[PDB]
Ligand SMILES: O=C(O)c1cc(I)cc(I)c1O
Ligand SMILES: O=C(O)c1cc(I)cc(I)c1O
């Protein structure tokens, strides 16, 4: 489990549940190729996206479908989605958590990268 | 104006207007003595809290009355207020902007300090 | 375990380890009485602060000693500490996670309150 | 100026100066067409990206080159950039401020939208 995505809701003070998340890897021609996807659980987490074998060094994009999340709650949002773009580097044994904290007109995102 | 407070609303995507702000300074006796107060304007900014003369070295607390803000809009938020505590002017006079970005169950705060 | 505190480091992209955390409850005379304290673990979490029996309705303050954290890393910080002040309400079965994401001149804090 | 970009540095407590910003607009063919670009000033602000005439309805992407910013300061950050994607001017012209608060492993972004 080298990659996990976590989403929190700053309006309700809760995990953001059933948020669609799409992960892409940058291809040689510079296009974004689908890599993994899922929906956050009751805990706002998405586990099992990839394996150590498949998660090679490269540039990844995590798209979080914030607009549909807010719409499902009957709340008017600003962004189309939240996008997190980063390079995975084999600087020893590392697990990546990409987290996002959501408001209708704002989001924060951080990386928690641990052994 | 050596001290300015700026407040934004992350739900509406707007300045946070009419937010009450109370500033305290730690006294010789180690208690929080009233220093200044005001409310944010239409721009979400609060200017004119103090002067270069009065804003001496000290430990300051800026209390931003976020609960009263959300309640005046008919919303029940999590926090009582947002308190920003910092040492000021310990290396001579600086200009401090204390900024806060508000959601019902979350806030962010930053400082912009200039010479 | 009705209360947990989590602290993350936005500079290193890691849990904030060995951060001192002090929790207070507001007393009848309006003073802050010590309630619980600890240091965050390797995961940046502080568990075991209180019990269901002791965590009655009231106003609580969570003080996170951010200044000492940054100093121990050799980094110059802005704030004395981060303070989170909130009312605990028995609106059915609820667990409170108070989380903070730290930078030298900024922090964010959110509440995750779940059944 | 209907579109402004503001960037702050959460490590230094300062405007983020000389940050490159590229704006794209989704074309009829569903690709990201170059729209405007510039760099933040000493105030951390980027004005004059566009005009009321040219800033028509559309889906816009504001790419803030955070990696280049941190690298120019001799720091190795997590993200490649911060991308802010939103529909603009769908209910007539508005003024948009897209703001970002940067740390090496984290960023926050908000919008301030006025009529
Ligand atoms: O706990 C988190 O995963 C978390 C994530 C973000 I992004 C911001 C805050 I405050 C948090 O507490
Ligand atoms: O524009 C601001 O003042 C601003 C203030 C905070 I606190 C966080 C973000 I993102 C901002 O953009």
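In order, the residues displayed for chain C correspond to 30-144 in Swiss-Prot numbering, which applies throughout.
Yeah, the Cβs are placed from backbone N, Cα and C, and that goes for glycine too.
What Swiss-Prot lists as sulfocysteine is C:30. Taken from Swiss-Prot, the feature L-thyroxine binding site covers C:35, C:74, C:137, and the record attributes it to experimental evidence. Positions annotated as 4-carboxyglutamate by Swiss-Prot, on the basis of experimental evidence: C:62. The annotation phosphoserine is assigned in Swiss-Prot to C:72 on the grounds of similarity to another entry. Look at Swiss-Prot and you will find C:118 tagged as N-linked glycosylation site.
Positions of Swiss-Prot features highlighted on the structure.
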residue	record	Cβ within 10 Å
C:30	sulfocysteine	13
C:35	L-thyroxine binding site	21
C:62	4-carboxyglutamate	12
C:72	phosphoserine	13
C:74	L-thyroxine binding site	17
C:118	N-linked glycosylation site	12
C:137	L-thyroxine binding site	27
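The residue listed as 'sulfocysteine' sits 15 Å from residue C:118 (N-linked glycosylation site), counting Cα to Cα.
In this structure, the binding-site residues that sit close to ligand 1, with a C-beta under 6 angstroms from any of its atoms, are C:35, C:137, chosen from C:35, C:74, C:137.
When Cα-Cα distances from residue C:72 (phosphoserine) are compared across the recorded positions C:35, C:62, C:118, C:137, the shortest belongs to C:35. In this structure, the C-alpha atom of residue C:74 (L-thyroxine binding site) lies 23 angstrom from that of residue C:118 (N-linked glycosylation site). With respect to their backbone Cα atoms, residue C:35 (L-thyroxine binding site) and the residue listed as 'N-linked glycosylation site' stand 20 Å from each other.
Filtering of the recorded positions C:35, C:62, C:118, C:137 by Cβ separation from chain B (threshold: under 8 Å) yields C:137, ordered along the sequence.
In sequence order, the recorded positions from C:30, C:35, C:62, C:74, C:118, C:137 that place a Cβ under 8 angstroms from a chain A Cβ are C:137.
It is 19 Å from the Cα atom of residue C:118 (N-linked glycosylation site) to that of residue C:62 (4-carboxyglutamate). Residue C:137 (L-thyroxine binding site) and the residue listed as '4-carboxyglutamate' have their C-alpha atoms 25 Å apart, to the nearest angstrom. Residues from the set of recorded positions C:62, C:72, C:74, C:118, C:137 situated with their C-beta under 8 Å of a chain D C-beta: C:137. Look at the residue listed as 'phosphoserine': DSSP puts it in coil.
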